[PDB]
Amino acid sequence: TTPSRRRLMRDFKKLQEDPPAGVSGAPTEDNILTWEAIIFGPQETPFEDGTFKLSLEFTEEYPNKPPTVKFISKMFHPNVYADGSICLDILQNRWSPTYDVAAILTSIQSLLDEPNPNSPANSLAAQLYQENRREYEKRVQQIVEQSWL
């Protein structure tokens, strides 16, 4: 194996060991460089109940370069793109070789609850999160519903 693979296996061991609440994840049988994870919509939030499927794409540069994360499930969020791509603080400009999958997974879970307004990937979602949070929760409910797909 390469530095990358070994690290990811260690990262898996930890996640396995003591998993964060409502967060799950494991790599795919072919190439440990591709994973599938599950984030449960944090309690007491419009994303509550929904069960989200995500994929993490790693390079052989891990942990030096972070992976890219996408929502497999249908998503509606000020910081999520049309193809499910997540725009996240620690995933870009603020990444640390120290961070691990559990960490990455935990952060996305929180972003759900607290989207950062700074230049949204989905202007419509932002428009509502701001102007009308009434229909915002309305649309998310629609996604929280999709998850069970």
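Residue numbers run from 1 along the displayed sequence.
Checked against the record, the higher mean CA B factor of 124-132 and 5-13 lies with 124-132. Comparing 16-24 with 134-142, the higher mean C-alpha B-factor in the PDB entry belongs to 134-142.
Within the group 106, 43, 96, 92, the record's highest C-alpha temperature factor is found at 43. Of the candidates 61, 83, 100, 29, the one whose C-alpha carries the top B factor in the deposited record is 29. Ranked by C-alpha B-factor against the other modelled residues of its chain, residue 68 falls in the lowest third. When the modelled residues of the chain are ordered by their C-alpha B factor, residue 51 lands in the middle third. Ranked by C-alpha B-factor against the other modelled residues of its chain, residue 116 falls in the highest third.
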